[PDB]
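Since the structure comes first, as structure tokens, the remarks are kept for the end.
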Amino acid sequence: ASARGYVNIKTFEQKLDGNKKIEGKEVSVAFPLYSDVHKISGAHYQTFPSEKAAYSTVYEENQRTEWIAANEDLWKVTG
Amino acid sequence: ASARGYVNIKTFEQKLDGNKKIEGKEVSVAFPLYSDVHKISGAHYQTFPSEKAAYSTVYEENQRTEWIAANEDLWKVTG
Amino acid sequence: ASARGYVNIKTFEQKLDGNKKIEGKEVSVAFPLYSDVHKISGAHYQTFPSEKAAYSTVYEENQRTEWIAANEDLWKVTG
Amino acid sequence: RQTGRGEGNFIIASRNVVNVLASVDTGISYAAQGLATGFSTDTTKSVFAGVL
Amino acid sequence: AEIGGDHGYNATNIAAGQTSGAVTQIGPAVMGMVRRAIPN
Amino acid sequence: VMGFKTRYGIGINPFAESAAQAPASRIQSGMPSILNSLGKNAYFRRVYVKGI
């Protein structure tokens, strides 16, 4: 573990257009990683701190760009 | 990795008794783990800081008690 | 027994050269005998008093010279 | 004994406990009790009952 | 939304002044030191 | 015997690399190395000369 805790982020599913949606997502980001870089704002989300990742998908500190891509992906709209 | 650097500890072989010895050991302990428990005094040893473990045997933060035992083992006298 | 207590001496084995060592030894010496002769100086040893010999090898007062020889022998170097 | 600093200096207790404390002679004396007077037993006026 | 963020409720993060959001802190001041009492 | 001891520390002006829009990791070492100062400090420019 990061041993600095995690930031637990939940994205709530939203409708954009007929058959166009941004799916909900649940990720945990190592505290220092979230602290280092994030683009989550305006996203229809909710977040809380924890000592251990609250979600099944976790971005450990040694990710940086896997995480940035994962965070940009919070905006992806699909079927 | 420890993500906070390491304390690198080396011990030197000690001629304790007839055909008995304390083998020199080379370990690297996650800095905060070292900080929590360190019995290395009176060990015929040498230390330094590093970004990455300097040695093949590394005790990371989640080891706690494996490290405490490993630390005590620095004075074990063997064949 | 000496009926006056004993001086207990532990000599710690030490390495001198390739295949040369001074063997570790544990002896108990009647207090008045120890008081009369002790060549234990610079010997790599430790002592303590006791009411009874602490060790299996005891130099009772009425030996006199067995002990004097025993002291020279605490410096003997063997294989 | 456990703090290493000092003995208990305050008590937090239910209304029933305070009503008992307020109705007993707390000094060194013969068995004695009566109407509560020692501490406020009320919670309306305050939460500080008094000093035991 | 200039979100200052918060600490991780993790003792290290607090001690270091690290925030999850916009602003890094100096550190957690001090509340003094407690020394163990000497027995009588 | 005799001798001397001293302790000092050195460091980077926070804006010295100048190119970065922002630093990584939010809390960083100011002690110079390969990644944070070599060939990067905006306050100093080294030019070689020849033909003198």
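Keeping their order, the protein sequence lines are chains lu, lt, mx, fh, fg and ey.
Count along the first sequence from 1, add 1, and you get the number used in the deposited numbering.
Count along the second sequence from 1, add 1, and you get the number used in the deposited numbering.
Count along the third sequence from 1, add 1, and you get the number used in the deposited numbering.
Count along the fourth sequence from 1, add 365, and you get the number used in the deposited numbering.
Count along the fifth sequence from 1, add 65, and you get the number used in the deposited numbering.
Count along the sixth sequence from 1, add 469, and you get the number used in the deposited numbering.
A virtual CB, placed ideally from N, CA and C, is assigned to each residue, including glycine.
Taking 7 Å as the CB-CB limit, is residue i close to chain lt?
i	result
lu/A71	no
lu/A54	no
lu/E62	yes
mx/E67	no
Please compile the residues from chain lt whose C-beta is within a distance smaller than 8 Å of the C-beta of residue i.
i	result
mx/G25	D18 and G19
Tell me the rounded alpha-carbon separation between residue i and residue j.
i	j	result
mx/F49	lt/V78	25 Å
mx/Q47	lt/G25	26 Å
mx/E73	mx/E67	10 Å
fh/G373	fh/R366	10 Å
ey/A488	ey/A511	9 Å
ey/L507	ey/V516	15 Å
lt/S3	lu/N9	22 Å
lt/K40	fg/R101	23 Å
fg/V99	fh/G371	15 Å
fg/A87	lt/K11	42 Å
mx/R5	lt/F13	45 Å
ey/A493	lt/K22	48 Å
mx/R65	mx/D37	9 Å
ey/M500	lt/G80	46 Å
fh/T368	lu/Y35	41 Å
fh/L417	fg/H72	43 Å
ey/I481	ey/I496	13 Å
lt/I69	lt/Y56	18 Å
ey/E486	ey/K509	5 Å
fh/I376	fg/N105	26 Å
fh/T408	fh/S394	29 Å
ey/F484	ey/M471	42 Å
lu/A71	fg/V95	39 Å
ey/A491	ey/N505	13 Å
fg/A76	fg/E67	25 Å
fg/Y74	ey/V518	56 Å
ey/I521	ey/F513	23 Å
ey/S498	fh/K410	59 Å
ey/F473	ey/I503	30 Å
Counting only Cβ pairs nearer than 7 Å, list the residues of chain ey close to residue i.
i	result
lu/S36	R495
Please confirm whether residue i and residue j have their CB atoms less than 7 Å apart.
i	j	result
mx/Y7	mx/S51	yes
fg/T84	fg/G70	yes
residue 352 of chain fh	fh/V389	Because residue 352 of chain fh is not part of the residues shown, which for chain fh are 366 to 417, the question remains open.
fh/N381	fh/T406	no
fh/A414	fh/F404	yes
lt/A54	lt/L75	no
fg/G97	fg/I91	no
fg/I103	fg/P93	no
fh/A401	fh/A387	yes
Give the interface partners of residue i over in chain lt, defined as CB-CB distance under 7 Å, in chain order.
i	result
lu/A44	Ordered by position in chain lt, no residue passes the 7 Å Cβ test against lu/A44, which lies about 27 Å from the chain.
mx/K22	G19
Got a sec: is the Cβ-Cβ distance from residue i to anything in chain fg below 7 Å?
i	result
lu/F32	yes
lu/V78	no
Does any C-beta atom of chain lu lie closer than 7 Å to the C-beta of residue i?
i	result
fg/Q83	yes
fg/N105	no
fg/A66	yes
So which residues on chain lu does residue i lean against when the C-beta distance must stay under 7 Å?
i	result
fg/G73	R5, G6, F32 and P50
Should residue i be listed as close to the ligand NAP, given that the test is whether its C-beta is under 6 Å from any heavy atom?
i	result
fh/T402	The model depicted lacks the ligand NAP and carries no ligand whatsoever.
Check the Cβ-Cβ distances between residue i and every residue of chain B, and say whether any is below 7 Å.
i	result
mx/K26	You won't find chain B in this structure, because its protein chains are lu, lt, mx, fh, fg and ey.
(request) Count the C-beta pairs between the segment 53–71 of chain lu and the segment 25–39 of chain lu that are closer than 8 Å, then say yes if the count reaches three, no if not. (result) yes
(message) With three or more C-beta pairs closer than 8 Å as the rule, is the segment 8–20 of chain lu touching the segment 475–490 of chain ey?
(response) no
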